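Structure data follow from model-v2.pdb (PDB, C-alpha atoms):
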ATOM      1  CA  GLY A   1      47.850 -31.344  32.132  1.00  0.00           C
ATOM      2  CA  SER A   2      48.536 -28.030  33.851  1.00  0.00           C
ATOM      3  CA  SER A   3      46.766 -25.382  35.931  1.00  0.00           C
ATOM      4  CA  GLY A   4      47.313 -22.252  37.999  1.00  0.00           C
ATOM      5  CA  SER A   5      46.138 -20.354  41.071  1.00  0.00           C
ATOM      6  CA  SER A   6      45.522 -16.839  42.387  1.00  0.00           C
ATOM      7  CA  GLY A   7      44.987 -14.904  45.604  1.00  0.00           C
ATOM      8  CA  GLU A   8      45.144 -11.259  46.655  1.00  0.00           C
ATOM      9  CA  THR A   9      45.486  -9.753  50.131  1.00  0.00           C
ATOM     10  CA  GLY A  10      46.688  -6.731  52.079  1.00  0.00           C
ATOM     11  CA  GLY A  11      46.165  -4.450  55.053  1.00  0.00           C
ATOM     12  CA  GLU A  12      46.546  -7.140  57.705  1.00  0.00           C
ATOM     13  CA  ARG A  13      49.480  -6.883  60.113  1.00  0.00           C
ATOM     14  CA  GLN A  14      53.008  -7.868  59.090  1.00  0.00           C
ATOM     15  CA  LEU A  15      53.502 -11.455  60.257  1.00  0.00           C
ATOM     16  CA  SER A  16      57.016 -11.658  61.699  1.00  0.00           C
ATOM     17  CA  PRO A  17      58.730 -15.005  62.410  1.00  0.00           C
ATOM     18  CA  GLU A  18      61.601 -13.650  64.503  1.00  0.00           C
ATOM     19  CA  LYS A  19      59.051 -12.157  66.898  1.00  0.00           C
ATOM     20  CA  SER A  20      56.911 -15.295  67.096  1.00  0.00           C
ATOM     21  CA  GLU A  21      57.687 -17.080  70.364  1.00  0.00           C
ATOM     22  CA  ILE A  22      58.052 -20.860  70.553  1.00  0.00           C
ATOM     23  CA  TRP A  23      57.301 -22.335  73.976  1.00  0.00           C
ATOM     24  CA  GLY A  24      56.530 -25.856  75.155  1.00  0.00           C
ATOM     25  CA  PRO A  25      57.554 -28.847  77.299  1.00  0.00           C
ATOM     26  CA  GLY A  26      59.975 -29.750  74.525  1.00  0.00           C
ATOM     27  CA  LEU A  27      62.675 -27.166  75.199  1.00  0.00           C
ATOM     28  CA  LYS A  28      62.876 -28.378  78.798  1.00  0.00           C
ATOM     29  CA  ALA A  29      65.267 -30.522  80.838  1.00  0.00           C
ATOM     30  CA  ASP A  30      63.011 -33.472  81.656  1.00  0.00           C
ATOM     31  CA  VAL A  31      61.008 -33.923  78.454  1.00  0.00           C
ATOM     32  CA  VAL A  32      58.369 -36.584  77.810  1.00  0.00           C
ATOM     33  CA  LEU A  33      59.296 -40.256  77.466  1.00  0.00           C
ATOM     34  CA  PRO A  34      57.721 -40.983  74.054  1.00  0.00           C
ATOM     35  CA  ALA A  35      57.328 -37.782  72.037  1.00  0.00           C
ATOM     36  CA  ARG A  36      56.835 -34.100  72.856  1.00  0.00           C
ATOM     37  CA  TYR A  37      54.901 -31.293  71.168  1.00  0.00           C
ATOM     38  CA  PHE A  38      55.373 -27.523  71.339  1.00  0.00           C
ATOM     39  CA  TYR A  39      53.138 -24.620  70.318  1.00  0.00           C
ATOM     40  CA  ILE A  40      53.775 -21.956  67.680  1.00  0.00           C
ATOM     41  CA  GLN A  41      52.355 -18.463  68.174  1.00  0.00           C
ATOM     42  CA  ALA A  42      52.330 -16.083  65.209  1.00  0.00           C
ATOM     43  CA  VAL A  43      53.633 -12.617  66.082  1.00  0.00           C
ATOM     44  CA  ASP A  44      53.767  -9.464  63.961  1.00  0.00           C
ATOM     45  CA  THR A  45      56.501  -6.839  63.639  1.00  0.00           C
ATOM     46  CA  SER A  46      54.854  -5.052  66.564  1.00  0.00           C
ATOM     47  CA  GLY A  47      55.244  -8.054  68.849  1.00  0.00           C
ATOM     48  CA  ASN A  48      51.481  -8.560  68.809  1.00  0.00           C
ATOM     49  CA  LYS A  49      49.743 -11.941  68.955  1.00  0.00           C
ATOM     50  CA  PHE A  50      47.865 -12.870  65.779  1.00  0.00           C
ATOM     51  CA  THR A  51      45.433 -15.105  67.665  1.00  0.00           C
ATOM     52  CA  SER A  52      43.952 -15.599  64.197  1.00  0.00           C
ATOM     53  CA  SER A  53      43.807 -18.315  61.537  1.00  0.00           C
ATOM     54  CA  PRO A  54      46.605 -17.743  58.991  1.00  0.00           C
ATOM     55  CA  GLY A  55      46.145 -20.966  57.046  1.00  0.00           C
ATOM     56  CA  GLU A  56      46.500 -24.743  56.927  1.00  0.00           C
ATOM     57  CA  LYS A  57      50.185 -25.107  56.053  1.00  0.00           C
ATOM     58  CA  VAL A  58      52.072 -21.959  57.052  1.00  0.00           C
ATOM     59  CA  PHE A  59      54.584 -23.109  59.664  1.00  0.00           C
ATOM     60  CA  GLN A  60      56.932 -26.087  59.368  1.00  0.00           C
ATOM     61  CA  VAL A  61      59.234 -27.981  61.730  1.00  0.00           C
ATOM     62  CA  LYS A  62      62.420 -29.960  61.097  1.00  0.00           C
ATOM     63  CA  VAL A  63      63.732 -32.772  63.297  1.00  0.00           C
ATOM     64  CA  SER A  64      67.234 -34.219  62.973  1.00  0.00           C
ATOM     65  CA  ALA A  65      69.966 -35.400  65.340  1.00  0.00           C
ATOM     66  CA  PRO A  66      73.554 -34.101  65.060  1.00  0.00           C
ATOM     67  CA  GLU A  67      74.985 -37.524  65.899  1.00  0.00           C
ATOM     68  CA  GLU A  68      72.421 -39.777  64.220  1.00  0.00           C
ATOM     69  CA  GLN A  69      71.476 -39.287  60.568  1.00  0.00           C
ATOM     70  CA  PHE A  70      68.917 -40.683  58.124  1.00  0.00           C
ATOM     71  CA  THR A  71      65.968 -39.946  60.411  1.00  0.00           C
ATOM     72  CA  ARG A  72      62.666 -39.992  58.526  1.00  0.00           C
ATOM     73  CA  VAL A  73      60.695 -37.715  60.850  1.00  0.00           C
ATOM     74  CA  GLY A  74      57.117 -37.175  59.721  1.00  0.00           C
ATOM     75  CA  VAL A  75      56.038 -34.033  61.561  1.00  0.00           C
ATOM     76  CA  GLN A  76      52.458 -32.841  61.099  1.00  0.00           C
ATOM     77  CA  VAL A  77      51.063 -29.422  62.013  1.00  0.00           C
ATOM     78  CA  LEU A  78      47.392 -29.256  62.997  1.00  0.00           C
ATOM     79  CA  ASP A  79      45.406 -26.189  64.053  1.00  0.00           C
ATOM     80  CA  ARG A  80      43.988 -26.979  67.493  1.00  0.00           C
ATOM     81  CA  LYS A  81      43.049 -23.516  68.759  1.00  0.00           C
ATOM     82  CA  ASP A  82      41.926 -20.380  66.922  1.00  0.00           C
ATOM     83  CA  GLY A  83      45.429 -18.953  67.199  1.00  0.00           C
ATOM     84  CA  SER A  84      47.924 -21.577  68.341  1.00  0.00           C
ATOM     85  CA  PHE A  85      49.067 -24.812  66.699  1.00  0.00           C
ATOM     86  CA  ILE A  86      50.314 -28.236  67.788  1.00  0.00           C
ATOM     87  CA  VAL A  87      53.387 -30.068  66.495  1.00  0.00           C
ATOM     88  CA  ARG A  88      53.396 -33.867  66.650  1.00  0.00           C
ATOM     89  CA  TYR A  89      56.035 -36.337  65.467  1.00  0.00           C
ATOM     90  CA  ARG A  90      56.800 -40.060  65.622  1.00  0.00           C
ATOM     91  CA  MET A  91      60.139 -41.847  65.985  1.00  0.00           C
ATOM     92  CA  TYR A  92      60.976 -45.544  66.301  1.00  0.00           C
ATOM     93  CA  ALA A  93      64.693 -45.204  67.033  1.00  0.00           C
ATOM     94  CA  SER A  94      67.084 -44.329  69.858  1.00  0.00           C
ATOM     95  CA  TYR A  95      66.698 -40.675  70.840  1.00  0.00           C
ATOM     96  CA  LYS A  96      69.680 -39.174  72.664  1.00  0.00           C
ATOM     97  CA  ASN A  97      69.774 -35.690  71.138  1.00  0.00           C
ATOM     98  CA  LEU A  98      67.672 -33.985  68.465  1.00  0.00           C
ATOM     99  CA  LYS A  99      67.878 -30.635  66.673  1.00  0.00           C
ATOM    100  CA  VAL A 100      64.703 -28.557  66.416  1.00  0.00           C
ATOM    101  CA  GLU A 101      64.532 -26.206  63.431  1.00  0.00           C
ATOM    102  CA  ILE A 102      61.644 -23.824  62.764  1.00  0.00           C
ATOM    103  CA  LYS A 103      61.504 -21.712  59.604  1.00  0.00           C
ATOM    104  CA  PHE A 104      58.871 -19.708  57.726  1.00  0.00           C
ATOM    105  CA  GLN A 105      59.181 -19.021  53.998  1.00  0.00           C
ATOM    106  CA  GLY A 106      62.949 -18.971  54.422  1.00  0.00           C
ATOM    107  CA  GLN A 107      62.936 -17.110  57.730  1.00  0.00           C
ATOM    108  CA  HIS A 108      63.846 -18.485  61.159  1.00  0.00           C
ATOM    109  CA  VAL A 109      61.138 -18.013  63.788  1.00  0.00           C
ATOM    110  CA  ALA A 110      62.959 -18.873  67.014  1.00  0.00           C
ATOM    111  CA  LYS A 111      66.596 -19.153  68.091  1.00  0.00           C
ATOM    112  CA  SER A 112      66.907 -22.391  66.118  1.00  0.00           C
ATOM    113  CA  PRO A 113      68.349 -24.768  65.728  1.00  0.00           C
ATOM    114  CA  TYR A 114      68.038 -25.977  69.320  1.00  0.00           C
ATOM    115  CA  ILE A 115      70.858 -28.111  70.715  1.00  0.00           C
ATOM    116  CA  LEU A 116      69.715 -29.959  73.836  1.00  0.00           C
ATOM    117  CA  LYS A 117      72.369 -32.309  75.216  1.00  0.00           C
ATOM    118  CA  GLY A 118      73.740 -33.132  78.655  1.00  0.00           C
ATOM    119  CA  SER A 119      71.509 -33.800  81.652  1.00  0.00           C
ATOM    120  CA  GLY A 120      71.467 -30.353  83.230  1.00  0.00           C
ATOM    121  CA  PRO A 121      74.954 -30.071  84.763  1.00  0.00           C
ATOM    122  CA  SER A 122      77.825 -31.214  82.542  1.00  0.00           C
ATOM    123  CA  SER A 123      81.028 -29.232  83.067  1.00  0.00           C
ATOM    124  CA  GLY A 124      80.995 -30.713  86.557  1.00  0.00           C
TER     125      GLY A 124
END
Whole structure, structure tokens version:
Amino acid sequence: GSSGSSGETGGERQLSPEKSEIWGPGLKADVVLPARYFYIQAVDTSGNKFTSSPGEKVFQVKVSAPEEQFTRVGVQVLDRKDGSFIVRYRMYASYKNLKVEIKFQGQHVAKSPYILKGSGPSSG
């Protein structure tokens, strides 16, 4: 069997990933013990907040450690607010350093990946 789909649109602002800002308790020094979750705000080319509902599956998140490999991370994106989203993930293995990667249709949203290693001060 086989089928197809369709959908037209236009006029709306120009959703821009680069602009979109990614903030949360994840990109911090003292993160949560178990798992953390950050928010993803959709911004246009004019640096304006979409504060709207784009769709169900529009933004994705990748989780993988530079030292440890073969990490089956099942991240799920759910629309909590009428503009922002929540990113949750589960892991049953040692977590020393992870790499956050956010992309949109082949376009990086934030300054990813994100390398977070070394308790604050290191050089010293």
Quiz item: In terms of the shortest atom-to-atom distance over only C-alpha atoms, which of A:2, A:64, A:22, A:55 is closest to residue 38 (chain A)?
Solution: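 Ranked by minimum distance to residue 38 (chain A), first place goes to A:22.
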Exercise. Would you list the residues near (45.3, -9.8, 66.9), meaning any protein, DNA or RNA residue with an atom at most 12 Å from that point in file coordinates, counting all atoms listed in the file, as a list in words?
Key: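 Selection result: residues 12, 13, 14, 15, 41, 42, 43, 44, 46, 47, 48, 49, 50, 51, 52, 53, 54, 82 and 83 of chain A.
For the structure in this document, the set picked by the PyMOL selection byres ((chain A and resi 37) around 6) is residues 36, 38, 87 and 88 of chain A.
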Filtering to C-alpha atoms, could you give me those residues as a PDB file, keeping the file's coordinate frame?
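Saved file again-v9.pdb follows:
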ATOM      1  CA  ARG A  36      56.835 -34.100  72.856  1.00  0.00           C
ATOM      2  CA  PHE A  38      55.373 -27.523  71.339  1.00  0.00           C
ATOM      3  CA  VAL A  87      53.387 -30.068  66.495  1.00  0.00           C
ATOM      4  CA  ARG A  88      53.396 -33.867  66.650  1.00  0.00           C
TER       5      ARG A  88
END
Practice problem: Between CA of residue 6 (chain A) and CA of residue 45 (chain A), measure the distance and give it in Å to one decimal. | Solution: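 Taking CA of residue 6 (chain A) and CA of residue 45 (chain A), their separation equals 25.9 Å.
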9 Å contact set for residue 66 (chain A), only C-alpha atoms, chain neighbours under 2 positions out, as a short mmCIF file (atom, residue, chain, number, x, y, z; two decimals) with C-alpha atoms, keeping the file's coordinate frame:
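Writing the result to selection_25.cif gives the following:
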data_model
loop_
_atom_site.label_atom_id
_atom_site.label_comp_id
_atom_site.auth_asym_id
_atom_site.auth_seq_id
_atom_site.Cartn_x
_atom_site.Cartn_y
_atom_site.Cartn_z
CA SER A 64 67.23 -34.22 62.97
CA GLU A 68 72.42 -39.78 64.22
CA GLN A 69 71.48 -39.29 60.57
CA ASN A 97 69.77 -35.69 71.14
CA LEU A 98 67.67 -33.98 68.46
CA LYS A 99 67.88 -30.64 66.67
CA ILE A 115 70.86 -28.11 70.72
#
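Shortest separation to residue 30 (chain A) among A:58, A:122, A:117, A:84 occurs at residue A:117, atoms counted being only C-alpha atoms.
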Practice problem: Quick one: pull the distance between CA of residue 8 (chain A) and CA of residue 75 (chain A), Å, one decimal. | Solution: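 Interatomic distance here is 29.3 Å.
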Practice problem: Name the residues in contact with residue 18 (chain A) at a cut-off of 7 Å, using all atoms listed in the file, excluding same-chain residues fewer than 6 positions from it; report them as a PyMOL selection string. | Solution: chain A and resi 108-110
Quiz item: Separation of CA of residue 61 (chain A) and CA of residue 116 (chain A), in Å?
Solution: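 Rounded to one decimal, the two atoms are 16.1 Å apart.
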Exercise. Compare A:112, A:71, A:76, A:107 by their minimum atom-to-atom distance to residue 57 (chain A), counting all atoms listed in the file, and give me the closest one.
Key: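 Distance minimum relative to residue 57 (chain A) lands on A:76.
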Exercise. Counting all atoms listed in the file, figure out which residue out of A:103, A:118, A:78, A:33 gets nearest to residue 20 (chain A).
Key: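 Using all atoms listed in the file, residue 20 (chain A) sits closest to A:103.
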Quiz prompt | From A:34, A:11, A:95, A:89, residue lying nearest residue 67 (chain A) [all atoms listed in the file] | solution =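 Looking only at the distances to residue 67 (chain A), the closest residue turns out to be A:95.
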Could you give me the centre and size, in Å to one decimal, of an axis-aligned box around all listed atoms of region 102-110 of chain A with 4 Å added on every side, as AutoDock Vina command-line options?
--center_x 61.4 --center_y -20.5 --center_z 60.5 --size_x 13.0 --size_y 14.7 --size_z 21.0
Quiz item: With only C-alpha atoms as the basis for distance, which of A:27, A:91, A:63, A:86 is at the shortest distance from residue 39 (chain A)?
Solution: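 Among A:27, A:91, A:63, A:86, it is A:86 that comes nearest to residue 39 (chain A).
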